[PDB]
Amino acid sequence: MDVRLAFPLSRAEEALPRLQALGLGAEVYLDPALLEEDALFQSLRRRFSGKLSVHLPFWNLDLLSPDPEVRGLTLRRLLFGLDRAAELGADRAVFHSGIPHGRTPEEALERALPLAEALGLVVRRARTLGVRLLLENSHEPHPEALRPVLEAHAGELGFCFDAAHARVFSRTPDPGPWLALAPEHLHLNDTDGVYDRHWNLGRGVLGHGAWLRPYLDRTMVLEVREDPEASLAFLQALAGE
């Protein structure tokens, strides 16, 4: 199994020893404040070899923001993040759609093709660099608003499924409709069904045993804020039956 630990670049020193010890890959979140810090990228690239992907910046970003300066910043953040991903030898880079929380299905759907268009330069940059670009669900109420973005890009854009985001932020809490988008990348954790807890698998309400087994051959990222061993042990028991 390709199982990776999520951590911010800002906590790499702290997460690396634990990665080694558990034989995990990495998905590194590119702290916007740290994007220009050449030495941190050099240090990481030397100190880790093993499968690596990145989470592109996302906080307060949206390619379709009504604020033109936010749109500009968002584009710069995604493109620079992709440069850094390539430097770290990342296979994949994950990003959010930028959709605000609480849009209606109609509002989310209307953003789909404008988003596909706005992603033109980002998809092109990823292609040039040899980095696979993945869109993750966040606040979309239903997977139908992501489907046209994927289709417009005709296989050049992949999907990362985060089940907790569907459960706590969307109007489609069941994993089924989201799984129908064929995620190649899974963001794994558990939640109480109220907050995006980033707890270990087995600790919450998502019932991964009921739906996750078919996806164990895909890249899985433990997006867990506590020690991730319990999730790795969950995955291993799931894999053995």
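From 1 onward, residues are counted along the sequence shown.
Taking only CA atoms, the mean B-factor in the PDB entry is higher for 80-88 than for the other of 117-125 and 80-88. Comparing 216-224 with 16-24, the higher mean C-alpha B-factor in the PDB entry belongs to 16-24. Of the candidates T191, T172, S53, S43, it is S43 whose Cα B-factor is highest according to the PDB record. Per the PDB entry, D38 shows the highest C-alpha temperature factor of the residues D38, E69, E184, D196.
For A163, the recorded CA temperature factor ranks within the lowest third of the chain's modelled residues.
For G202, the recorded CA B-factor ranks within the highest third of the chain. Only modelled residues enter the ranking. When the modelled residues of the chain are ordered by their C-alpha B factor, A210 lands in the highest third. Ranked against the other modelled residues of its chain, the C-alpha B-factor of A154 as given in the entry falls in the highest third.
Residue-level temperature factors show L64 in the lowest third of its chain, judged at the C-alpha atom.
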